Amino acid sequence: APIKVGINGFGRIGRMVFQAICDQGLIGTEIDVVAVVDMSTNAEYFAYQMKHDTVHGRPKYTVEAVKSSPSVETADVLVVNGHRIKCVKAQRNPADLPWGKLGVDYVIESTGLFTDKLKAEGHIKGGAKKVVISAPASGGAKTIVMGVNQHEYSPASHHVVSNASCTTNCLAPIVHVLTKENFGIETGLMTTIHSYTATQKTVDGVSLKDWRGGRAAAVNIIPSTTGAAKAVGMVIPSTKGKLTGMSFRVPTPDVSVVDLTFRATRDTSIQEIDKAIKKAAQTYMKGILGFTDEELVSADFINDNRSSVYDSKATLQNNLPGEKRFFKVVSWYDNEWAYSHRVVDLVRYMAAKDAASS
């Protein structure tokens, strides 16, 4: 049966998720997008935001704005590839949303305002079965990183899942093969050269939380922080307290790169690792972890759905020749595309386990 879904917050991640749904052909049959929600309800504005994107270009599907009853002035229904989607008005509280009435089982929380498990439980109280937070969730919700611990999902216990962060969906896959392939990680520190996002400012403005983050985004190298720092251990408990890091926000609208440095448990080599990541990429991590033997730059990873695509050359060429412990692993990721495709995956998977149980 079509998985009944709703999108709360039709932003970068909101629209990229919807796009991954329509482009993989899932829309209408496999998955069913009932209603999207944002500040306005002008299906016309939504139609425009969908047809033209600065970084990803025009979507493969076809969208139209139609007003339901001719009495309403502004259009309020998107018609994507023969399928009516409703434009619901934004609520300050999740529990105010007409999910249950609408017939929405899986709510995708991507407004970014409700990262808390409790604040996000409101969707359930609004009539929804499950909720997938598009960011590191607080209040102890279940953090899952596809390709690493999706199996740990519990149809009975877990009703408010978190798909971690973009950096997390990049680092965790790597940390996974590293332990699984027995190279092990004693202590590690990582940095992510990150594209700027919606939360940064075009010009020096206010950001009471992070002082630096409020500076002119596209004009400075802004040291900041990463979700992946915390989130990594909640997926791979083995690394808890043994891994930490930061992020440098730089003047690029999309695509980021993880720069991991770690110490192995056993003596090994960079070729050994390089070989195991490529192998892992072609075997058990296929579709999640990929790699590259080319001299690529950031722009070359735009629209690349792999959670993390390891850089062969970059890594091999920048490690100590005589070394068996202290290593560096470079890996890229398109932070809006890959992550979004991982959210659709989680949904569909959660729906599979939900069909078995509840």
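All residue numbers refer to positions in the sequence shown, first residue = 1.
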Identify the stretch, either 196-204 or 111-119, whose C-alpha atoms have the larger mean B-factor according to the entry. 111-119
May I ask you to compare 28-36 and 289-297 by their mean CA B factor in the entry and name the higher one? 28-36
For the listed residues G245, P136, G184, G213, which one has the largest C-alpha B-factor as given in the deposited model? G184
Highest recorded Cα temperature factor - choice among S69, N42, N303, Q49: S69
Entry-reported Cα temperature factor of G322, expressed as the chain third it lands in: highest
What third of the chain does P98 rank in for C-alpha temperature factor, lowest, middle or highest? middle
Grab the CA temperature factor for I7 from the record and place it in the lowest, middle or highest third of its chain. lowest
Quick check on the deposited entry: does the C-alpha B-factor of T261 sit in the lowest, middle or highest third of its chain? middle
Can you work out whether the C-alpha temperature factor of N149 puts it in the lowest, middle or highest third of the chain? middle
